[PDB]
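Q: Got a structure for you, questions after.
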Amino acid sequence: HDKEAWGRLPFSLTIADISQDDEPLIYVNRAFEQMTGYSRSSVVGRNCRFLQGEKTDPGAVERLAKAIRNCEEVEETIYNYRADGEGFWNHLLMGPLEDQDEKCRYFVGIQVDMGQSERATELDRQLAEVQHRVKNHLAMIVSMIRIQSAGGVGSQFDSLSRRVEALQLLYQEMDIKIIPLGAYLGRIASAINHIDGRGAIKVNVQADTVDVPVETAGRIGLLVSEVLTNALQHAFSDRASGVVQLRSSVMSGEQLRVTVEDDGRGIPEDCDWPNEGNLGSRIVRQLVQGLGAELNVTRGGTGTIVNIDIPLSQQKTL
Ligand SMILES: Nc1ncnc2c1ncn2[C@@H]1O[C@H](COP(=O)(O)OP(=O)(O)NP(=O)(O)O)[C@@H](O)[C@H]1O
Ligand SMILES: Cc1cc2nc3c(=O)[nH]c(=O)nc-3n(C[C@H](O)[C@H](O)[C@H](O)CO)c2cc1C
Ligand SMILES: [Mg+2]
């Protein structure tokens, strides 16, 4: 139901505790289960090297081993084997996760199933850039938080996994100024509402047709994800009904305005979001800064209006 939904995603993510004997996996996501044929229950507590076998290149393995020992980032395309014995090429990107405390205790790796073959396009590099965006975005999130130390541990990592959602959706659009933002936002809103909402919540989407670069899209997607999620989660706490609206309008000078509007409960007056808040508010401010954008908010029992102004003209310069 959600297993298949969450699983169809192209990124696969794992986290290992390299401080523990034999560097056991402590977390894997649904994509990993689908890709490898192993259940999460089966895999946690074991070193990920069970995916390797006959055709696995020792050179690549050594480089992974060296990277872990040197607390370094590494990227290899490696031959791996699923639970049913099926071989596949795995494009692996990994390196130290960086806690609040230690900078090298935990490692994260991402896996992209590249199918079978027994090469580099121009799509390949665009795809690879995304896997860096994923890892990179994950790192910023992690460094703010404090990795706790089974199910509750998984919830700390289920949340992380959830935010990379804009980027997994982006990879899919990419597989098919090159990103159709309106189309992309439509899939973002649907996914979010699918996860974070239900029945009595109406989600409207009004996007102009415009193509933008990948980096801009990935950034925008994550920005909108945070803010749109906030709407469905918070705006109707004490409310029986509501409406959320996402807009994306191209204005003059290639200035793009992205809006998220509630009619719900309103942001508390003491709280000056996103300057004040939880991890989300911090995420939003970073993404806003990387975009060179401006965010504004208007409060009250008539609802919450969020507006992000993004300069598509200055992206080249940036
Ligand atoms: N649409 C909204 N309506 C009412 N209150 C809101 C709304 N959006 C945010 N808030 C308030 O702002 C606070 C900060 O939210 P935020 O920083 O995004 O973290 P969070 O939504 O609580 N969970 P997370 O964002 O995933 O870390 C929330 O706890 C709410 O009290
Ligand atoms: C987080 C993490 C994920 C890994 N994922 C893979 C993988 O998907 N495929 C693989 O062949 N090796 C993987 N390795 C390498 C493997 O587990 C082991 O550390 C090295 O092969 C050293 O023997 C991973 C290592 C870490 C730390
Ligand atoms: Mg939030």
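Every chain in the structure tokens has a letter given in the order shown (A, B, ...), and although residue numbers restart at 1 in each chain, ligands are simply numbered from 1 in the order shown.
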For ligand 1, list the contacting residues at 7 Å or closer, counting only C-alpha atoms and all ligand atoms, as a VMD selection string.

A: chain A and resid 226 to 227 230 to 231 233 to 235 262 264 to 268 271 273 to 274 276 to 282 304

Q: List the spatial neighbours of residue A:193 as a PyMOL selection string - criterion: any atom at most 12 Å away, only C-alpha atoms, same-chain residues fewer than 3 positions off excluded.

A: chain A and resi 186-190+196-205+225+228-233+243-246

Q: How would you report the residues lying within 7 Å of ligand 2, as a list in words, if you count only C-alpha atoms and all ligand atoms?

A: residues 14, 15, 16, 18, 23, 25, 47, 48, 49, 51, 52, 61, 62, 64, 65, 68, 78, 79, 80, 90, 92, 94, 107, 108, 109 and 111 of chain A

Q: Hey, what's within 12 Å of residue A:183 if we count only C-alpha atoms and toss same-chain stuff fewer than 2 positions away? As a list in words, please?

A: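 Within the cut-off, the hits are residues 169, 170, 172, 173, 174, 178, 179, 180, 181, 185, 186, 187, 188, 189, 190, 205, 206, 207, 208, 209, 210, 211, 212, 217, 221 and 248 of chain A.
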
Q: List the spatial neighbours of residue A:110 as an MDAnalysis selection string - criterion: any atom at most 6 Å away, only C-alpha atoms, same-chain residues fewer than 4 positions off excluded.

A: chainID A and resid 12:13 92:93

Q: From the set A:124, A:303, A:105, A:162, which residue has the shortest atom-to-atom contact distance to ligand 3, counting only C-alpha atoms and all ligand atoms?

A: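 Counting only C-alpha atoms and all ligand atoms, the residue closest to ligand 3 is A:162.
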